[PDB]
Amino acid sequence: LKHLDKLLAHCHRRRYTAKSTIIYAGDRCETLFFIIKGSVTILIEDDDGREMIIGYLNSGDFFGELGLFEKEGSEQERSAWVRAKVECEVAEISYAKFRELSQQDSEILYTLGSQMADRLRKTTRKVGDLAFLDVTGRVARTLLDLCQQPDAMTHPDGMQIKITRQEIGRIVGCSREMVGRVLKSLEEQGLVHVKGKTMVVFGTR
């Protein structure tokens, strides 16, 4: 991504502590972000106003990019909340500067497009998971999927991931008590071992 060098030269670096909200859904859109270090959580509210975790983005990912685009070329609003998952260092750049550099080098838009396409694939699969799987299947699939994503650690017996019961519940759309019951069953069946802030998922190497 050497073609991003000229974009990062015009970025202001900001640090966000874990759990701090970077983007609030519904806000105006004038700024694009690039994750230098750390990771962020993408959240929406369901129709009950209850929060659901859509996914995570990691170093090398842009976020806040969808606000560049609108159907009639009118004002656009932030489509989700973005919250630091761990301590994050982000590069912030105005839409106005991004537009000038992307007009100078379309490779920047190829990188942005590649990331948006990946997110659309993942979110489309999430529709299927919510429709096709019951909660036990959704919890198991979430655990397996997280083992293949950044910040999973190779473990002698599988992969180790940084996640809590509450987070899994917000990902799969069930109660915090229900995820406890499901995870207990999955532990007894040999898929997972739950720890304080981490979980070990067996058979994922």
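Note that residue numbering follows the sequence shown and begins at 1. Each form is matched to the other, and the largest set of C-alpha atoms that superpose within 1.5 Å is called the rigid core.
> Fitting on the core, do the C-alphas of 42-50 or of 165-173 deviate more in 4 other deposited structures of this protein?
Replying inline: After the core superposition, the stretch with higher RMS deviation in 4 other deposited structures of this protein is 42-50.
> Of the stretches 22-30 and 53-61, which sits farther from where it is here in 4 other deposited structures of this protein, on average over its Cα atoms, after fitting the core?
Replying inline: Between the two stretches, 22-30 moves farther in 4 other deposited structures of this protein.
> Within the set of other compared PDB entries, does residue 74 lack a model in a third or more?
Replying inline: Missing in at least a third of the others, so yes.
>> Tell me which stretch, 7-15 or 20-28, has the higher mean Cα B-factor listed in the entry.
In response: Going by the record's values, the stretch with the higher mean is 7-15.
> Taking only the CA atoms, which stretch has the higher mean B-factor in the record, 137-145 or 153-161?
Replying inline: Per the deposited B-factors, the answer is 153-161.
>> Take the CA temperature factors straight from the PDB entry and tell me which of 92, 89, 72, 77 peaks.
In response: Highest C-alpha B-factor among the listed options: 72.
> For the listed 53, 57, 174, 66, which has the peak Cα B-factor recorded in the PDB entry?
Replying inline: Out of 53, 57, 174, 66, the record gives the largest C-alpha B-factor to 174.
> If you rank every modelled residue in this chain by C-alpha B factor, which third holds residue 167: lowest, middle or highest?
Replying inline: Middle third - that is where residue 167 ends up once the chain's C-alpha B-factors are sorted.
> Looking at the C-alpha B-factor of residue 105, is it in the lowest, middle or highest third of its chain?
Replying inline: Highest third.
> Considering only modelled residues of the same chain, in which third does the CA B-factor of residue 36 rank: lowest, middle or highest?
Replying inline: Its C-alpha B-factor belongs to the middle third of this chain's values.
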